[PDB]
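Here's the letter readout for the chains.
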Amino acid sequence: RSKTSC
Amino acid sequence: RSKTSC
Amino acid sequence: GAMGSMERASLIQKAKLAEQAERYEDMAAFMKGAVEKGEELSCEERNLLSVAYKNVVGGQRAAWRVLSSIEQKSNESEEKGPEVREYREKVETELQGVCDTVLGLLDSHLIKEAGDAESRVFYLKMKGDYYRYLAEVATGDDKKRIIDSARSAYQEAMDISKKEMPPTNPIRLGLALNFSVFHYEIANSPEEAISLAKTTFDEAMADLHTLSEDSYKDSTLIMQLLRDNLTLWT
Amino acid sequence: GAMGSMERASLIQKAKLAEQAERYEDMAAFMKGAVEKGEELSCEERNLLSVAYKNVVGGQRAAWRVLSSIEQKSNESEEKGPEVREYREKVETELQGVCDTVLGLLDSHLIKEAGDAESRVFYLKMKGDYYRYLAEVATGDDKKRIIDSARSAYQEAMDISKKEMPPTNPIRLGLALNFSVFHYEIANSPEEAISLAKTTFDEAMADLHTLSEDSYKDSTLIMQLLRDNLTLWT
Ligand SMILES: [Ca+2]
Ligand SMILES: [Ca+2]
Ligand SMILES: [Cl-]
Ligand SMILES: [Cl-]
Ligand code: NA
Ligand code: NA
Ligand code: NA
Ligand code: NA
Ligand code: NA
Ligand code: NA
Ligand code: NA
Ligand code: NA
Ligand code: NA
Ligand code: NA
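Residues numbered from 1 in each chain as written, not as in the entry; some residues may be left out. Chains lettered and ligands numbered in written order. Heavy atoms only, no water. Residues with missing side-chain atoms left out of burial classes, pairs and counts.

The PDB entry annotates chain C as 14-3-3 protein sigma originating from Homo sapiens. The PDB lists this entry under the title "Crystal structure of 14-3-3sigma in complex with a RapGef2 pT740 phosphopeptide". Under the UniProt heading Sequence similarities, the entry covering chain C gives this text: "Belongs to the 14-3-3 family." (UniProt positions renumbered as here; feature names shortened; annotations may be inferred.)

> How should the overall build of chain C be read in this particular structure?
Within chain C one finds nine helices and zero strands. What you see for chain C is a C-alpha radius of gyration of 19 Å, in line with the 17 Å of a compact globule of 234 residues. Within chain C, the fraction of its 234 residues that count as buried is 49%. Summed over all atoms, the accessible surface of chain C reaches about 11,800 Å², with 46% contributed by carbon and sulfur. Counting 30 positive and 42 negative side-chain charges, chain C places the centres of these two groups 1 Å from one another. (Helix = DSSP H or I, 4+ residues; strand = E, 2+ residues; numbered from the N terminus. Rg over C-alpha atoms; globule rule 2.2 N^0.38 Å. Buried < 20%, exposed > 50% of the residue type's maximum accessible area, 1.4 Å probe, protein only. Areas by Shrake-Rupley, 256 points an atom, 1.4 Å probe, with all protein chains shown as cover. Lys, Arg positive; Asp, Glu negative; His and termini not counted. Charge placed at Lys NZ, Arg CZ, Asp CG, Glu CD.)

> What am I meant to see in the coordination of the calcium ion (ligand 1) here?
Around a metal, the perfect tetrahedron of four donors has angles of 109.5 degrees, and the perfect octahedron of six donors has angles of 90 or 180 degrees. Residues and elements named next belong to chain C. For the calcium ion (ligand 1), the protein coordination sphere consists of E40 (OE), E40 (OE) and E113 (O), at 2.3 to 2.7 Å. Relative accessible area serves as the criterion here: at 51%, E40 is assigned to the exposed category. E113 sits in the partly exposed class, given a relative accessible area of 38%. (Donors = N, O, S within 2.8 Å, 3.2 Å for Na, K, Ca; no water.)

> Quick question: what am I supposed to make of the relation of the copies chain D and chain C here?
Put simply, the second copy of the chain is the first one after a rotation about an axis and a shift along it. Overlay of chain D on chain C (RMSD 0.0 Å): rotation 180°, translation along the axis 0.0 Å. What the rotation and shift describe, once combined, is the action of a two-fold rotation axis. When each C-alpha of chain D is compared by its distance to the rotation axis, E25 of chain D comes out closest, at 6.3 Å. The overlap is high: 100% of the interface residues of chain D also sit at the interface in chain C, so the same surface is used on both sides. (Least-squares fit on C-alpha atoms. Contact = heavy atoms within 4.5 Å.)

> So what exactly am I meant to see when it comes to the pattern of salt bridges here?
Pairing of side chains with opposite charge becomes possible as their charged atoms draw close. For the structure shown, the criterion picks out 36 salt bridges over all chains. For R23 of chain D, the salt bridge is made with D26 of chain D, and the minimal N-O distance between the two is 2.8 Å. Given the relative accessible area of 9%, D26 of chain D is considered buried. Between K125 of chain D and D129 of chain D there is a salt bridge, with the nearest N and O atoms lying 3.0 Å from each other. Here the residue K125 of chain D and the residue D129 of chain D both occupy positions in helix 5 (residues 117–137), the gap between them amounting to four residues, near one helical turn. When sorted by exposure, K125 of chain D lands in the same class as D129 of chain D, which is buried. Look at the salt bridges and you will find they share partners, linking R23 and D26 of chain C together with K90 and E94 of chain D into a network. (Salt bridge = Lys/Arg side-chain N within 4 Å of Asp/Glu carboxyl O.)

> Please explain the interface of chain D and chain C as it appears in this structure.
You'll often see interface size given as the accessible area lost when the parts meet. With 23 residues of chain D at the interface, the matching set in chain C holds 23 residues. Of the roughly 2,100 Å² buried between chain D and chain C, counting both surfaces, carbon and sulfur atoms make up 58%. If you look at where chain D meets chain C, you find six salt bridges. Notably, a salt bridge pairs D26 of chain C with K90 of chain D, separated by 3.7 Å at the nearest N-O pair. On inspection of chain D and its partner chain C, the count reaches eight residue pairs in polar contact. Taken together, the elements giving at least two residues each to the side of chain D that touches chain C come down to helix 1 (8–20), helix 2 (24–35), helix 3 (43–74) and helix 4 (83–113) of chain D. A per-element tally of the side of chain D that touches chain C places helix 4 of chain D first, with seven residues. Along the lines of polarity and charge, the residues of the side of chain D that touches chain C split into eleven nonpolar, four polar and eight charged. (Buried area = accessible area lost by both parts, 1.4 Å probe. Polar contact = N/O pair within 3.5 Å; in protein donor to acceptor, adjacent residues only side chain to side chain. Nonpolar A, V, L, I, M, F, W, Y, C, P; charged D, E, K, R; others polar.)

> What should I look at first to understand the layout of surface pockets in this one?
Where empty space is left can be seen by rolling a probe of water-molecule size over the atoms. In this structure, the largest pocket occupies an estimated 1,400 Å³ of space. Along the wall of the largest pocket there are 39 residues; nearest its centre are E25 of chain C together with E22, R23, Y24 and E25 of chain D. When contributions to the lining of the largest pocket are tallied by element, the ones reaching two or more residues are helix 2 (24–35), helix 3 (43–74) and helix 4 (83–113) of chain C together with helix 2, helix 3 and helix 4 of chain D. Per-element accounting of the lining of the largest pocket gives the leading share, eight residues, to helix 3 of chain C. Taken together, the residues of the lining of the largest pocket break down into 17 nonpolar, eleven polar and eleven charged. (1 Å grid on protein atoms, 1.4 Å probe; cavity = no way out; pocket = protein on both sides within 12 Å on 5 of 7 lines; lining within 4 Å. Points joined across faces, edges and corners; volume = space filled by probe spheres on them.)

> Which parts of the structure should I look at to understand a negative patch on the surface?
On the surface, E39, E40, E113, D116, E118 and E164 of chain C cluster together into a patch of negative charge. The residue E113 of chain C is located in helix 4 in this model. (Patch = residues over 30% accessible without salt bridge, like charges linked within 9 Å, V, L, I, M, F, W, Y side chains within 5 Å.)

> Help me understand the nonpolar core in this model?
Grouped together as the largest cluster of nonpolar side chains are 130 residues, with contacts concentrated most on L49 and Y130 of chain C together with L49 and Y130 of chain D. In this structure, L49 of chain C is in contact with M31, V35, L41, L105, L110 and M126 of chain C, ignoring residues within four places of it in sequence. (Core = buried A, V, L, I, M, F, W, Y, C linked by side-chain atoms within 4.5 Å.)

> What should I look at first to understand the arrangement of the chains in this one?
Of all three pairs of chains sharing an interface, the pair with the highest contact count is chains C and D. Separated throughout, chain B and chain D approach each other most closely at a C-alpha pair spaced 18 Å apart.

Structure representation (structure tokens):
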């Protein structure tokens with residue numbers, strides 16, 4: 001999975 | 001913590 | 001009930017899907033719907049019911065403990081108003097409602113229709129468990145009656161399980177595990193807790209030789225939980 | 001609203017308690033109540049709003065993916081009836097409702113009152129994010145309009161952030177991160193995704209020398225997420 005902002 | 005049944 | 005229009009089989013199917021999705025509130029509502037169809041539950045269906053509500057109340061209990069800890073420290077400390085108490089009470093009330101819902105299903109009418117040892121002990125253990133969760137947050141006129149309701153349910157389950165099941169039976173083992181935790185955490189009886197855990201462990205150990213490889217694995221898993229508690233308590 | 005009778009400050013306090021208890025649905029409802037008081041949100045309050053709904057929709061998205069996978073395999077396979085589709089649709093509808101709720105708060109009236117770059121970019125990025133989550137489950141007449149709404153919101157946020165913020169600004173960095181994921185996952189534009197992630201990373205790298213130790217740590221954390229994606233995509 002591509003990471004998005006935490 | 002005391003363990004209880006899963 | 002909002003599940004009154006759905007087929008029993010479809011409710012069971014969707015409970016299994018919700019479990020796969022880790023949607024335990026949905027799972028619980030589906031299984032509540034299935035129970036309210038009025039037919040007895042199979043072994044697999046009983047376990048779905050138990051898994052669903054255990055996860056729901058487990059999250060509430062964890063949240064309640066966080067908030068109670070914050071509240072206890074506020075009472076040691078700058079005054080920040082009623083908000084901590086209010087929100088702890090909100091979570092507490094929601095937890096009590098789930099427990100009441102489960103106890104209502106057991107009383108109407110799962111227990112009275114349960115005649116086999118495996119079903120009756122299962123439901124009575126559940127009754128003890130959900131009174132125990134009520135007892136964890138009780139601080140009032142009926143904390144003692146709640147504790148005695150948990151004890152009474154566990155005791156009836158124990159009496160049946162000892163007469164009707166082998167010492168390695170996983171339901172018997174999980175019941176004794178939880179009743180020993182009741183003794184240690186709720187009833188202020190750590191010696192009773194330790195005694196029950198030891199005796200339960202030792203009697204199961206002596207019966208393992210009768211079991212298949214798969215049943216051996218099921219029983220030793222729960223025996224390890226008894227051991228973990230004995231190590232914590234002694 | 002059920003929060004209309006609670007003080008704004010008490011809603012914020014309880015949002016922080018719910019976060020500590022990992023009660024993110026409660027957290028979101030508290031922050032929705034705070035927004036509906038009509039005052040602008042501070043930086044800390046904006047982050048509470050974002051954390052709450054991100055966790056709520058994050059759980060729904062994870063559940064939707066599990067159920068969609070099961071549904072896709074059923075369509076490859078024995079027929080088991082409408083239940084998988086029905087339950088996937090249930091979760092999907094609940095997810096769309098949360099997204100609509102967030103977008104409603106942004107449109108009434110957070111964005112129009114947001115004049116500083118740090119608030120306006122924050123809210124526009126959020127608008128892009130929640131249209132992106134709608135796009136993930138869209139399969140209809142308006143999938144394209146939903147995608148263009150996400151793109152348009154992200155683009156406006158990008159234009160402001162490039163004019164008004166340094167390349168290491170964590171909001172700018174997180175916006176570019178998520179817009180690059182939009183390009184890769186939603187818009188079928190992997191080359192645009194890679195280009196944006198690289199350029200964003202390289203321009204931040206060249207600005208790190210201006211930062212405190214603490215800001216350096218904040219910026220490099222997000223730069224590592226850009227790097228992780230570039231490694232996955234190339
Ligand atoms: Ca019967
Ligand atoms: Ca303003
Ligand atoms: Cl509250
Ligand atoms: Cl459904
Ligand atoms: Na039927
Ligand atoms: Na019956
Ligand atoms: Na207060
Ligand atoms: Na027997
Ligand atoms: Na020890
Ligand atoms: Na006020
Ligand atoms: Na305002
Ligand atoms: Na079916
Ligand atoms: Na600036
Ligand atoms: Na690679």
